[PDB]
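Just below is one structure, and these are the notes that go with it.
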Amino acid sequence: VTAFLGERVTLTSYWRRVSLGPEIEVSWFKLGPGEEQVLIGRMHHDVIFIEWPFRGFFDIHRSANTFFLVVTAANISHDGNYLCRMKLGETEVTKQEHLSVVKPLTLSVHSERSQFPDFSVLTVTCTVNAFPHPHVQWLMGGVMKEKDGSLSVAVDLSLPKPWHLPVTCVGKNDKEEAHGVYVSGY
Amino acid sequence: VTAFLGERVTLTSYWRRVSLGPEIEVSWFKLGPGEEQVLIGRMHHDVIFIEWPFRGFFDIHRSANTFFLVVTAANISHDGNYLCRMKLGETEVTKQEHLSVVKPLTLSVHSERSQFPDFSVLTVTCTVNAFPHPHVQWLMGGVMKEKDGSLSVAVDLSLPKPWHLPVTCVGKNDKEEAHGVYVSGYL
Amino acid sequence: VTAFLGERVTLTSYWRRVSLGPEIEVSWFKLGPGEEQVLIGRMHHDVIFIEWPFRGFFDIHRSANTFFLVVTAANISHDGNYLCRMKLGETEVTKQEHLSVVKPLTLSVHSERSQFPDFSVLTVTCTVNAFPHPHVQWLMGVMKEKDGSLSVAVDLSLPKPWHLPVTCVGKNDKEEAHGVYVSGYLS
Amino acid sequence: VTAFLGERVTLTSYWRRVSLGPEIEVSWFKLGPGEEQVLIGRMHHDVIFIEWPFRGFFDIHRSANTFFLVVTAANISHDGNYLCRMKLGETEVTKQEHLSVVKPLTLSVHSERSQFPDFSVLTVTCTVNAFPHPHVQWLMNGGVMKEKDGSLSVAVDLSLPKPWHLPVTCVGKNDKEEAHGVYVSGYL
Amino acid sequence: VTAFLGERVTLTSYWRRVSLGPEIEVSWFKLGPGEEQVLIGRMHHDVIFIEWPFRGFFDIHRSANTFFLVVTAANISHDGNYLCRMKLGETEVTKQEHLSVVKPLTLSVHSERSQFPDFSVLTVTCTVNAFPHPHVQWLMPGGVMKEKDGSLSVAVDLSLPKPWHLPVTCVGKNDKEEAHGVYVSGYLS
Amino acid sequence: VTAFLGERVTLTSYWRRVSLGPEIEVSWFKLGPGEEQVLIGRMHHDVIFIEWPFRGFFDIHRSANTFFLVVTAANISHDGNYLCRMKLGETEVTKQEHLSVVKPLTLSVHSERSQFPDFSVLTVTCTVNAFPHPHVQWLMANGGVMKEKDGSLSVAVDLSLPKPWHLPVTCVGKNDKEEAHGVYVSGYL
Amino acid sequence: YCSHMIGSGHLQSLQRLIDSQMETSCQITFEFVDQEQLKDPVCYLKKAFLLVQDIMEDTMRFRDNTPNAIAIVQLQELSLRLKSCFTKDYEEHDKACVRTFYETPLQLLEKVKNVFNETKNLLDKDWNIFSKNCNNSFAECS
Amino acid sequence: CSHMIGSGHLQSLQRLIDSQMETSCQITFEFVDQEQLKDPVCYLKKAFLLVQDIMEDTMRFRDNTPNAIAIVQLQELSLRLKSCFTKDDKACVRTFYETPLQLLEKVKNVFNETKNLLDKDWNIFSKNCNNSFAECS
Amino acid sequence: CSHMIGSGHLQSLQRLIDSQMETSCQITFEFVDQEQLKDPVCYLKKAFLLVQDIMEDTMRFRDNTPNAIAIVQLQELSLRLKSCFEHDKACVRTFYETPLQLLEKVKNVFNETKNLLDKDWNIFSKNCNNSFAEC
Amino acid sequence: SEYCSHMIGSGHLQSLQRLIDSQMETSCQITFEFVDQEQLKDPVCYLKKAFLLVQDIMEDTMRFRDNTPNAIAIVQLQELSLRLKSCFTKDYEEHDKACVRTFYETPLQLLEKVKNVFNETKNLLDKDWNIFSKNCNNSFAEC
Amino acid sequence: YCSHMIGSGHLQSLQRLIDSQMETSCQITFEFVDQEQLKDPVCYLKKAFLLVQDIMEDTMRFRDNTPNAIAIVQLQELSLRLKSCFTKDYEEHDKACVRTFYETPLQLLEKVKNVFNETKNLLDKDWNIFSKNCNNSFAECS
Amino acid sequence: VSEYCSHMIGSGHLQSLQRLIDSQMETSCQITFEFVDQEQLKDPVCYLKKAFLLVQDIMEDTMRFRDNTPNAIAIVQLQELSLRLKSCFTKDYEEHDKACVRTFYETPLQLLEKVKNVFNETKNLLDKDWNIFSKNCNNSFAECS
Ligand SMILES: *[C@@H]1O[C@H](CO)[C@@H](O[C@@H]2O[C@H](CO)[C@@H](O[C@@H]3O[C@H](CO[C@H]4O[C@H](CO)[C@@H](O)[C@H](O)[C@@H]4O)[C@@H](O)[C@H](O[C@H]4O[C@H](CO)[C@@H](O)[C@H](O)[C@@H]4O)[C@@H]3O)[C@H](O)[C@H]2NC(C)=O)[C@H](O)[C@H]1NC(C)=O
């Protein structure tokens with residue numbers, strides 16, 4: 001599945017036999033990089049317990065033969081694979097589930113004129129802050145990482161006099177796309 | 001005159017008589033609102049002194065019959081009229097000079113989909129931070145003041161499914177103008 | 001219902017007709033004192049949304065004709081009545097549900113000897129930090145903590161010879177515990 | 001000698017000859033670990049001077065052939081040996097004096113029930129904060145921590161599966177000092 | 001009595017009868033202004049106890065029929081009268097004792113030349129920080145400040161247009177204590 | 001040239017030929033120690049630009065064949081040599097210019113009496129805070145050189161006088177040509 | 001009269017109802033008599049019985065005119081005739097001695113079949129038994 | 001194969017659904033993604049293969065009850081049908097969180113729709129769906 | 001007016017400029033904003049009235065020197081010309097330029113006036129009230 | 001043997017004052033090298049040293065449009081100056097570019113300084129022609 | 001009259017008192033005449049003498065009816081008889097010309113023996129000498 | 001090995017001791033000195049034994065009077081007496097030296113009362129049994145510090 005930043009998104013797993021729900025020892029894990037396994041929470045006989053580091057960001061509940069992992073609010077840390085171990089005594093099944101988190105791209109533009117040696121070189125800056133693959137391009141720079149875990153990148157474009165305006169930049173985040181047009185100076 | 005944010009901008013005044021330069025007792029003032037008069041600096045016989053509150057933001061110098069007030073770096077506080085008093089004993093002349101400071105507008109866009117009751121209502125936000133007259137409009141919100149003294153305003157636009165894209169917003173700062181087009185969502 | 005500090009506790013409500021689950025417009029409220037009504041979250045057609053002030057402390061989900069309000073971690077603020085409004089167009093039912101939060105009492109004891117006029121008057125302090133009704137008493141000031149819990153203690157002066165051992169009794173409603181002071185450092 | 005936390009305690013030294021009091025060049029030192037010698041203060045001909053780092057925590061005065069080092073308020077830093085150097089011209093005598101500082105033990109207890117897989121395993125925690133030798137033990141898992149005030153704390157937990165074999169009692173003690181904590185009953 | 005800033009100063013009281021020392025219920029007080037009485041500490045049967053607000057600034061001890069109030073380190077707050085109450089059952093005696101605290105004056109001088117309209121007007125500043133009565137004055141033929149440490153400071157300026165009539169001398173004094181500052185020459189000219 | 005702390009001082013360079021002013025590509029540098037060259041600002045065809053680290057402490061302007069570097073406010077960091085490169089296509093001239101910044105010396109005196117073993121040893125302290133070469137000396141004993149926040153230098157020396165105090169006694173502070181004195185007249189009692 | 005009110009053919013359909021249901025881990029909420037608040041089996045069946053009407057309608061719903069829905073109406077038919085065999089008690093006792101249950105339908109049906117089947121057994125033995133005044137026993141609940 | 005699916009088989013299927021209680025309950029199960037595989041010829045083909053495993057994991061009733069009997073008959077019938085289908089895993093299939101009532105409606109529809117396509121043309125299920133199965137993933 | 005501006009007037013003007021030293025110096029002065037008032041008929045008209053105040057405040061030479069003579073000659077000439085010709089102090093701007101440049105601007109005013117006057121003497125009667133509004 | 005007494009004609013100085021009279025009155029200032037009248041006090045050696053440097057000044061400083069009344073004068077003064085180099089005894093080469101300072105002044109002032117150099121030289125030549133033979137190597141060391 | 005009031009046997013006991021005391025570093029506080037405030041030895045002994053009675057009681061205390069305690073009483077006896085040889089002066093002068101002393105007992109006794117013994121020498125020479133008016137001299141002190 | 005100790009301590013020795021105490025002036029003064037810790041060494045036989053050896057150093061450091069005064073005479077007599085008595089005491093292990101001893105901050109009057117009591121108590125034990133001070137107290141001296 002996939003879901004945006006801040007949203008309440010749910011992941012699922014289930015036991016094939018429709019006879020059984022509570023009896024299964026369900027236990028979700030977040031796959032940290034390098035084949036790692038971090039315990040998020042456990043549920044058995046309808047008593048759930050989420051680990052303290054994940055407490056209040058995740059939660060688990062059950063209905064019938066289905067098991068849910070609710071992320072009460074999604075953030076960039078949560079992009080990654082998740083593993084569910086469902087055991088019934090001797091027999092145990094391991095179901096994976098991926099989650100992509102997405103930040104809706106944020107395209108910004110402002111101009112500047114050069115202060116030296118003249119005020120002819122008009123420089124414009126197109127910037128885009130998205131996740132997971134932001135990409136900016138001028139039609140016809142430095143990769144930064146934000147506090148919230150998202151990525152930003154921008155590029156500049158120098159236009160000596162006469163300013164061949166209007167000019168247009170194209171920001172995109174994978175399929176998502178948006179533009180910025182600069183019409184005239186002050 | 002007029003100049004952008006951060007720039008080294010100069011204001012000027014002069015004595016009509018080309019015989020005289022140093023002799024004039026020059027003294028610049030910033031006109032605070034309500035007919036106020038705050039002394040920025042003084043110059044006479046080629047000795048300049050800028051007041052401590054304005055020290056290092058302004059400076060004065062002279063060449064021939066001309067007197068300069070250099071703003072070493074312009075900020076929004078500096079938008080306003082300036083007054084130059086030049087005296088020669090009995091006679092005194094008072095020359096005014098206006099300065100407009102300008103911030104190059106900063107147009108921003110990002111989408112969001114509503115989380116309740118469905119994920120159909122796509123809301124987009126077009127924002128602009130400029131000076132002195134920013135203005136945003138959606139082609140068929142809250143006026144905030146920033147730390148740097150500039151002004152910001154933005155507006156949202158709700159589009160229920162199907163999303164009638166592409167849709168375009170128009171930001172402008174007086175003569176300056178720029179647009180933002182939203183093309184497509186993630187899915 | 002009832003549950004201790006830090007625990008993951010669940011409250012429930014339900015629609016009488018076993019035909020209906022998602023269709024109901026469920027919406028939980030916390031009753032602030034004085035008949036007040038604060039919106040915690042809403043659920044309809046299996047899309048849940050918790051308000052930002054309660055986000056990550058509460059969550060709601062559904063199974064069949066039953067509606068659950070999970071408190072991911074209980075704190076003293078959460079002691080109080082809760083109201084569930086379940087609507088079906090024109091018809092609406094309002095089901096209440098109380099929750100008591102409890103802190104396991106924390107009984108403390110330490111001695112002190114008086115510094116003046118002599119070191120005969122031995123004073124011991126029995127202290128207890130619990131919720132909702134802590135109460136300390138010695139066998140022959142009410143403070144409120146940051147975490148919302150309550151604390152109270154009492155002192156007991158025993159001039160020499162010290163009639164030890166001596167025992168204090170702390171309790172939190174049904175919960176009960178004691179503290180015995182056996183001997184001093186010397187004498 | 002020995003004295004509790006916060007108290008005004010006095011240490012003493014003296015010149016054998018009862019003829020002499022002021023004449024002696026008295027000078028106290030705190031023995032820092034590793035045979036170290038830190039000057040606290042000096043007194044001669046009835047003029048006292050305490051070093052600035054110790055100023056207002058210690059003070060010295062005299063009466064007759066006796067010399068006093070008063071600690072105006074005792075803290076755990078002050079536990080340790082003290083040395084008094086008394087000189088009389090050619091002859092000099094060095095008298096030691098130990099001081100033990102004590103914190104009256106602070107015994108704490110609270111219960112908890114396990115949150116997983118059930119609420120049967122009732123765990124209680126008995127804790128004690130004393131000085132210099134606190135020690136806790138359950139009748140019928142211990143981390144030593146050091147506090148801001150210089151005192152020591154230690155505690156131990158006790159797991160009781162259902163049915164809870166109450167009442168149960170923990171024993172905290174600080175050398176001779178001793179105290180108990182009894183857990184009687186749970187919430188329901 | 002009298003003593004300087006930072007010093008370890010002692011005040012005294014005594015029982016006339018040389019038989020008794022410990023038996024007396026001694027109790028010192030600081031007289032706050034307006035006939036106030038603040039308890040500093042108590043001593044009886046050779047057990048002393050200083051109140052927590054005064055703890056570690058004052059201390060009391062005894063020898064024979066004499067009672068001492070030691071100020072471990074003197075500060076300006078300590079200038080003021082002190083009262084010793086000595087009781088013996090039915091009978092009680094009240095002995096007062098004054099203490100003046102003093103800060104050794106601190107005379108400072110530095111020049112400056114005016115920045116406008118010219119660099120002719122040489123201004124010098126003589127400053128003095130003392131206690132209890134500082135006073136500075138320029139010899140010719142002003143803001144009073146209170147410091148953190150409780151001491152007092154005052155200074156005065158002196159404008160000398162060109163030519164600078166140097167050398168020039170200022171006189172700082174703190175009651176009997178006195179000291180001077182002479183400015184000889186500038187950097188150039 | 002030379003100038004005091006806080007002042008607005010100007011340095012200069014010029015093109016020899018009186019025909020030319022704007023045309024010259026002027027560019028000032030501060031010489032950091034070890035033959036270093038830090039760009040302060042540039043000017044050409046009457047458009048000036050000062051680098052952001054130096055922005056608002058320095059500024060450059062022009063009149064006729066003369067080029068000025070104004071320091072809007074002088075501080076001790078600004079003491080050092082400055083270099084101006086003036087180019088006109090192939091030909092280029094490099095004019096140096098030194099600047100000494102100066103702090104007007106600040107002479108301070110206060111007494112102290114020894115606290116041990118007696119109150120006979122009267123110790124006085126003469127102190128001086130100047131730049132660039134402060135130097136203090138007692139007329140008729142250890143001297144530590146300290147460096148201040150403002151970049152200035154301080155030094156002082158003490159002088160022990162056993163009873164009877166052979167007063168008055170005088171100290172001599174000086175900063176190169178600049179000179180000033182301090183006299184201690186009398187104690188408190 | 002009442003001794004032979006509950007025919008064998010009624011219980012025939014009840015077990016058929018349970019047999020026909022699919023095995024599932026599902027759960028559902030419903031009102032029913034708290035077997036522990038009201039221990040007495042005479043007064044339990046008495047109280048439990050009056051509330052059953054509202055339950056069957058809100059709970060046991062099937063597609064119109066199917067084998068099971070027929071049985072449900074038959075059970076409501078049977079039930080109504082039986083209200084006469086029970087002496088009403090104080091009306092203030094209404095909605096007391098009752099609790100929530102979050103269980104499978106299979107369990108719920110097992111609880112209802114047991115109410116009918118246990119009633120047949122106490123009725124066969126003594127027809128007049130359900131006249132007992134349970135106002136005392138209903139006070140014992142919430 | 002034309003008359004392989006008797007009327008008496010579907011009689012029990014609708015009886016299964018009629019007998020079930022109306023409930024808001026939901027459950028998870030594997031089934032063919034009707035959108036990944038649009039073609040109704042190849043849908044019924046693929047869907048049919050998987051049903052054997054479903055019925056066992058899903059439609060469970062108390063041993064020797066009217067319905068459990070029907071389930072075994074449907075497995076009997078299912079096995080017989082394997083010869084009419086070219087055969088000899090886990091693609092074109094998705095999760096479904098739905099009521100049992102819905103799931104039975106989906107399975108009854110598989111059997112009943114198969115009867116209609118068998119009646120019209122018996123040899124229809126020989127079509128090679130290897131092309132159509134690649135399009136899912 | 002056709003023959004009002006003699007050749008001997010312009011003789012001295014170029015002599016003034018030739019005699020001046022080459023310098024990078026600059027000075028400030030009022031003059032007509034050649035861009036605010038584009039029309040050369042009305043430019044010379046407006047520019048001309050202001051010139052009186054300029055020459056006195058600007059072109060100053062030691063009394064009774066070859067150049068100072070010329071300056072007076074030009075003021076003499078100028079006053080006679082006022083007869084051939086709220087808007088006051090509009091259409092005017094600052095200029096920070098060399099003296100050499102400024103003299104070049106004034107010589108150009110007189111010399112351009114001679115050419116338009118030779119061709120049509122009555123030309124300077126045109127109503128520039130419309131054009132002065134434009135500044 | 002020397003005919004320098006009347007080398008500086010009256011017609012040379014006529015043009016210099018003409019130069020100064022013709023210049024416009026201005027508040028402008030400019031920088032230039034010249035002899036520091038205070039470093040070298042002696043008026044005999046001042047005019048001597050000052051004179052050698054003047055050639056470079058006039059070229060870098062007094063520039064006029066080619067073949068104008070003033071530019072002519074400037075060339076005549078360079079002409080005059082060159083002939084005068086023979087009337088001055090050269091001194092040690094190490095002294096070159098010493099005894100000289102910066103001046104930020106009006107052109108009017110600078111011209112007044114140069115006219116004063118020429119005019120003062122005429123007065124000292126008239127009185128004693130051989131005067132400029134004096135050894136200023138001593139006086140040039142003091143700067 | 002007064003000339004032979006102070007017997008030799010009185011001072012004999014005073015030195016025996018001091019000889020009998022143990023050598024100690026101890027110190028004690030007591031009132032006595034400020035020998036510097038009142039320089040005149042005629043008026044010093046005069047003022048010093050009146051106060052002594054109170055001193056001896058507050059200071060020189062010995063176990064009852066021991067060789068020394070006897071002497072102390074002998075000295076109080078002697079002291080009382082002598083009050084007649086001294087002319088009282090203005091009563092306002094009471095408790096002036098007096099200071100604190102923090103000294104050994106040995107020192108204190110040495111001070112008192114000095115008062116009595118110096119009094120004997122001035123009395124043998126001129127008996128009535130202690131009548132001259134010291135009201136002038138007592139004003140000079142604190 | 002000691003013989004005749006019984007009447008070593010004459011009555012005239014103790015006479016002067018009480019004269020010493022009677023003659024001292026009543027004072028609130030206090031002084032510090034070494035003496036036997038009566039609680040560390042409870043046994044009165046070994047207490048007097050240990051206490052006695054230390055007295056020699058005490059009297060010199062403590063009881064000082066002006067030369068050839070009535071009291072100083074007594075003090076020398078007591079040292080005189082003390083020296084003869086060292087023979088009546090059997091020496092013990094040298095490691096025990098300076099143990100069983102404590103500080104006392106008391107009046108001289110108190111200190112003399114302690115010393116008079118040592119001499120007077122010793123006389124009573126000598127009178128009853130002369131050879132008594134031969135007991136080996138090495139056992140008892142280990143017990144203190
Ligand atoms: C846009 O541009 C404008 C104009 O250029 C700026 O406005 C001025 O900014 C300056 C500097 O930031 C402000 O000056 C500040 O004044 C404070 C007032 O202090 C008083 O008291 C002290 C001590 O008693 C006196 O020394 C002082 O003279 C004042 O009387 C100062 O406390 C500030 O601290 C300064 O001094 C200390 C040392 O004394 C230094 O350590 C600090 O670095 C600092 O230099 C400071 O000087 C001034 O008030 C503003 N204009 C006025 C007068 O209104 C804007 O800052 C700029 N940006 C914005 C957002 O508008």
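In the structure tokens, chains take the letters A, B, ... in the order shown, each chain's residues start at 1, and ligands count up from 1 in the order shown.
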Protein and nucleic residues near ligand 1, 12 Å, only C-alpha atoms and all ligand atoms, as a ChimeraX atom specification | /B:5-6,30,32,38-40,50-59,70-80,101,145-150 /F:6,56,73,149-150
Write a file of the selected residues as a CSV table (one decimal), in the first residue's frame, keeping C-alpha atoms.
chain,number,residue,atom,x,y,z
B,5,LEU,CA,16.3,43.7,-0.1
B,6,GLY,CA,19.9,43.4,1.0
B,30,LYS,CA,14.8,59.4,8.9
B,32,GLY,CA,9.5,58.3,11.4
B,38,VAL,CA,15.3,60.9,13.9
B,39,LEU,CA,18.9,61.9,13.4
B,40,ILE,CA,20.9,59.4,11.4
B,50,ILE,CA,26.7,58.4,12.3
B,51,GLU,CA,24.5,57.9,15.4
B,52,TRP,CA,25.0,54.6,17.3
B,53,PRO,CA,21.6,53.2,16.6
B,54,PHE,CA,22.1,53.6,12.8
B,55,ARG,CA,25.9,52.9,12.9
B,56,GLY,CA,26.9,50.3,10.3
B,57,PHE,CA,23.6,50.3,8.5
B,58,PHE,CA,24.0,53.8,7.1
B,59,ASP,CA,27.1,55.9,6.3
B,70,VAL,CA,24.8,55.1,1.7
B,71,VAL,CA,22.6,52.3,3.1
B,72,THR,CA,25.2,49.6,3.4
B,73,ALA,CA,22.4,46.9,3.4
B,74,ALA,CA,18.7,47.6,2.8
B,75,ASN,CA,15.9,46.1,4.9
B,76,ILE,CA,12.2,46.7,5.2
B,77,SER,CA,12.6,49.1,8.1
B,78,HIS,CA,14.3,51.4,5.7
B,79,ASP,CA,11.3,52.0,3.4
B,80,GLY,CA,10.2,55.6,4.1
B,101,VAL,CA,12.4,48.8,-0.5
B,145,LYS,CA,3.5,39.6,8.8
B,146,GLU,CA,7.0,38.0,8.8
B,147,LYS,CA,10.0,38.4,11.1
B,148,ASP,CA,12.0,40.1,8.3
B,149,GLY,CA,9.2,42.7,8.0
B,150,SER,CA,7.8,41.3,4.7
F,6,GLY,CA,34.9,52.9,17.7
F,56,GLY,CA,28.5,47.0,7.3
F,73,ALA,CA,33.4,51.5,13.2
F,149,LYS,CA,36.7,40.1,25.0
F,150,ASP,CA,37.0,43.3,23.0
For chain I, list the residues within 10 Å of chain J, counting only C-alpha atoms, and write the list as a list in words.
-> residues 15, 16, 17, 18, 19, 20, 21, 22, 23, 24, 25, 26, 27, 58, 59, 60, 61, 62, 63, 64, 65, 66, 67, 68 and 99 of chain I
Could you build a table of the residues in chain C lying no more than 6 Å from chain H, giving for each the nearest pair of atoms and their separation in Å rounded to one decimal place, using only C-alpha atoms, ordered by chain and ascending residue number, as CSV?
residue,atom,partner,partner_atom,distance
C:18,CA,H:23,CA,5.3
C:19,CA,H:23,CA,4.8
C:20,CA,H:24,CA,5.3
C:21,CA,H:24,CA,5.4
C:64,CA,H:25,CA,4.4
For chain D against chain E, with a cut-off of 6 Å and counting only C-alpha atoms, what is the closest atom pair and its distance in Å to one decimal for every residue that makes the cut, ordered by chain and number, as CSV?
residue,atom,partner,partner_atom,distance
D:56,CA,E:56,CA,4.6
D:57,CA,E:56,CA,5.8
D:63,CA,E:63,CA,5.5
D:72,CA,E:56,CA,5.7
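Put simply, CA of residue 128 (chain B) is 20.5 Å away from CA of residue 138 (chain A).
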Name all residues at most 8 Å from residue 69 (chain B) (count only C-alpha atoms; drop same-chain ones fewer than 4 positions away) and give them as a PyMOL selection string.
-> chain B and resi 10-12+28+58-61
Give me a file of those residues, with N, CA, C and O atoms, as a compact mmCIF listing (two decimals), in the first residue's frame.
# COMPACT_ATOMS: atom_id res chain seq x y z
N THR B 10 22.04 54.01 -2.43
CA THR B 10 22.53 55.36 -2.14
C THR B 10 21.46 56.42 -2.38
O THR B 10 20.76 56.38 -3.39
N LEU B 11 21.35 57.36 -1.45
CA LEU B 11 20.50 58.54 -1.63
C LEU B 11 21.41 59.76 -1.74
O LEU B 11 22.51 59.75 -1.20
N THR B 12 20.95 60.80 -2.43
CA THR B 12 21.79 61.98 -2.66
C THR B 12 21.12 63.33 -2.42
O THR B 12 19.90 63.47 -2.52
N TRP B 28 21.52 64.20 7.99
CA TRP B 28 20.40 63.41 7.48
C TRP B 28 19.46 62.97 8.60
O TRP B 28 19.91 62.72 9.72
N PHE B 58 23.87 52.65 7.97
CA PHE B 58 24.04 53.83 7.13
C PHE B 58 25.48 54.34 7.21
O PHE B 58 26.23 53.99 8.12
N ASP B 59 25.83 55.18 6.25
CA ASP B 59 27.10 55.90 6.27
C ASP B 59 26.96 57.10 5.35
O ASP B 59 26.15 57.09 4.42
N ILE B 60 27.75 58.15 5.60
CA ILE B 60 27.72 59.35 4.78
C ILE B 60 29.12 59.66 4.27
O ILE B 60 30.11 59.44 4.97
N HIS B 61 29.20 60.18 3.05
CA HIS B 61 30.44 60.72 2.52
C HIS B 61 30.16 61.85 1.53
O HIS B 61 28.99 62.15 1.25
Residues of chain B within 8 Å of chain E, only C-alpha atoms counted, as a VMD selection string | chain B and resid 43 to 44 47 to 49
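We find CA of residue 174 (chain F) and CA of residue 136 (chain F) to be spaced 6.5 Å apart.
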Near residue 39 (chain J), within 8 Å and counting only C-alpha atoms, which residues show up once chain neighbours fewer than 5 positions away are dropped, as number ranges by chain?
-> J: 99, 142-143
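Put simply, CA of residue 30 (chain K) is 7.0 Å away from CA of residue 102 (chain K).
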When you get a sec, could you note down which chain A residues fall within 8 Å of chain G, using only C-alpha atoms, as a VMD selection string?
-> chain A and resid 18 to 22 63 to 65
Restricting the output to N, CA, C and O atoms, write the selected residues as a PDB file, in the first residue's frame.
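Once written, part-v2.pdb looks like this:
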ATOM      1  N   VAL A  18     -11.001 -19.401   8.665  1.00  0.00           N
ATOM      2  CA  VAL A  18     -11.998 -18.455   9.121  1.00  0.00           C
ATOM      3  C   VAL A  18     -12.528 -18.857  10.510  1.00  0.00           C
ATOM      4  O   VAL A  18     -13.236 -18.081  11.141  1.00  0.00           O
ATOM      5  N   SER A  19     -12.192 -20.059  10.985  1.00  0.00           N
ATOM      6  CA  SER A  19     -12.527 -20.474  12.352  1.00  0.00           C
ATOM      7  C   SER A  19     -11.820 -19.652  13.436  1.00  0.00           C
ATOM      8  O   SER A  19     -12.381 -19.430  14.511  1.00  0.00           O
ATOM      9  N   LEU A  20     -10.602 -19.193  13.147  1.00  0.00           N
ATOM     10  CA  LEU A  20      -9.698 -18.654  14.170  1.00  0.00           C
ATOM     11  C   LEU A  20      -9.417 -17.159  14.049  1.00  0.00           C
ATOM     12  O   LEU A  20      -9.131 -16.657  12.959  1.00  0.00           O
ATOM     13  N   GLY A  21      -9.510 -16.454  15.177  1.00  0.00           N
ATOM     14  CA  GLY A  21      -9.113 -15.057  15.254  1.00  0.00           C
ATOM     15  C   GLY A  21      -8.217 -14.718  16.439  1.00  0.00           C
ATOM     16  O   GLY A  21      -7.038 -14.414  16.254  1.00  0.00           O
ATOM     17  N   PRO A  22      -8.770 -14.768  17.666  1.00  0.00           N
ATOM     18  CA  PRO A  22      -8.018 -14.424  18.882  1.00  0.00           C
ATOM     19  C   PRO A  22      -6.841 -15.354  19.161  1.00  0.00           C
ATOM     20  O   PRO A  22      -5.802 -14.920  19.666  1.00  0.00           O
ATOM     21  N   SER A  63     -10.433  -8.138  14.033  1.00  0.00           N
ATOM     22  CA  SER A  63     -11.815  -8.502  13.764  1.00  0.00           C
ATOM     23  C   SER A  63     -11.831  -9.797  12.960  1.00  0.00           C
ATOM     24  O   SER A  63     -11.216  -9.868  11.897  1.00  0.00           O
ATOM     25  N   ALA A  64     -12.533 -10.808  13.464  1.00  0.00           N
ATOM     26  CA  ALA A  64     -12.634 -12.090  12.775  1.00  0.00           C
ATOM     27  C   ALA A  64     -11.230 -12.670  12.496  1.00  0.00           C
ATOM     28  O   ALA A  64     -10.373 -12.625  13.374  1.00  0.00           O
ATOM     29  N   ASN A  65     -10.984 -13.203  11.299  1.00  0.00           N
ATOM     30  CA  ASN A  65      -9.681 -13.765  10.956  1.00  0.00           C
ATOM     31  C   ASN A  65      -8.680 -12.741  10.402  1.00  0.00           C
ATOM     32  O   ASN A  65      -7.698 -13.122   9.767  1.00  0.00           O
TER      33      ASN A  65
END
